[PDB]
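Just one chain follows, in the form deposited in one PDB entry, and it is written as structure tokens.
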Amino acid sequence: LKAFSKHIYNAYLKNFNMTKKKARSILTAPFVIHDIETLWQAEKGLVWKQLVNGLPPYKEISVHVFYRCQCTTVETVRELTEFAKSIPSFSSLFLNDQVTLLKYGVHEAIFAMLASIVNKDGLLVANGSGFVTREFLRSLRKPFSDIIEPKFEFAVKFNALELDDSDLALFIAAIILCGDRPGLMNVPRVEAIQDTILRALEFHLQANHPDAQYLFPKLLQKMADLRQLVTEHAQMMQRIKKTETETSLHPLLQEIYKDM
């Protein structure tokens, strides 16, 4: 049982480059991106460096941030996919279920993970090297500003729990191995596996956070909140996909948002 929680926490460490430990040690010399000038200064890309001339028109600023939001999540989706392979019993499931579980579960896992790299004034980006301000994300266009702002307000509430990476490791495994996803075939086997993980998390929270009662149902509450947050996010993404014709979506993201 204890080795179960350390197996997942092992895989978490093995698969996710950015951790809450490394994140909070940075947050408490990142290059601050607070305007169009500093946003462009974050480059280092040799091809980008060879092509840059001046500052971008206006519409390019929001598409660029929207492009960086895609890249962030795409990388994290591929990490979460490996992470899931190491979760006990996940690989024994039907490959369809494995895909279905990841399809509807990755964003919920991401937004909980991304709370680690966030505070009330902004978030860490680009391998912890830069810090994008909240004000700048308010200064973008409405469609792209209205999808970033709900996340900040959730992240600060999630960070009030004062969890660590060993808590997140199990918590994320619980989000992925979720029973009530559309089209999920072998439901009993997934719920069974989730109970094992839920039983592991219940023990871990008591062994890691002694003097903070009622913390488990709090985390269960956040799972329902992560669903509603993603439910709104996906809707705002599809409204964007409809209206924003000069905007496209990464092939990995296209899959996930196909049939939601």
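Residue numbers here begin at 1 and follow the sequence given. Just so we're on the same page, rigid core means the largest C-alpha set that superposes within 1.5 Å between forms.
Judged by the one-third criterion across other entries of this protein, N208, modelled here, is also modelled in every one of those that cover both its neighbours.
For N53, the record comparison shows coordinates absent in at least a third of the other entries of this protein that model its neighbours.
Unmodelled deposited residues between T28 and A29: 4 to 9, per the record.
Stretches 205-213 and 34-42 differ in mean CA B factor, with 205-213 having the higher one.
Comparing 192-200 with 214-222, the higher mean C-alpha B-factor in the PDB entry belongs to 214-222. Looking only at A84, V106, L114, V99, the residue with the top Cα B factor in the deposited structure is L114. When the modelled residues of the chain are ordered by their C-alpha B factor, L51 lands in the middle third.
In the deposited entry, the Cα temperature factor of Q70 sits in the bottom third of values across the chain's modelled residues.
In the deposited entry, the Cα temperature factor of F90 sits in the bottom third of values across the chain's modelled residues. Among the modelled residues of its chain, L253 has a C-alpha B-factor that falls in the lowest third, as given in the PDB entry. When the CA B factors of the chain's modelled residues are split into thirds, the value for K142 lands in the middle one.
Only in words, not in the display: the form deposited in another entry, which the text now covers.
Taking the core as reference between this form and the one not shown, the lone member of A234, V52, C69, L220 whose Cα moves by 2 Å or more is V52. A shift of at least 3 angstroms pushes the Cα atoms of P57 and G122 further from each other in the other entry than in the displayed structure.
Figure legend: C-alpha atoms of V47 and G130, shown here, are separated by at least 3 angstroms less in the other entry.
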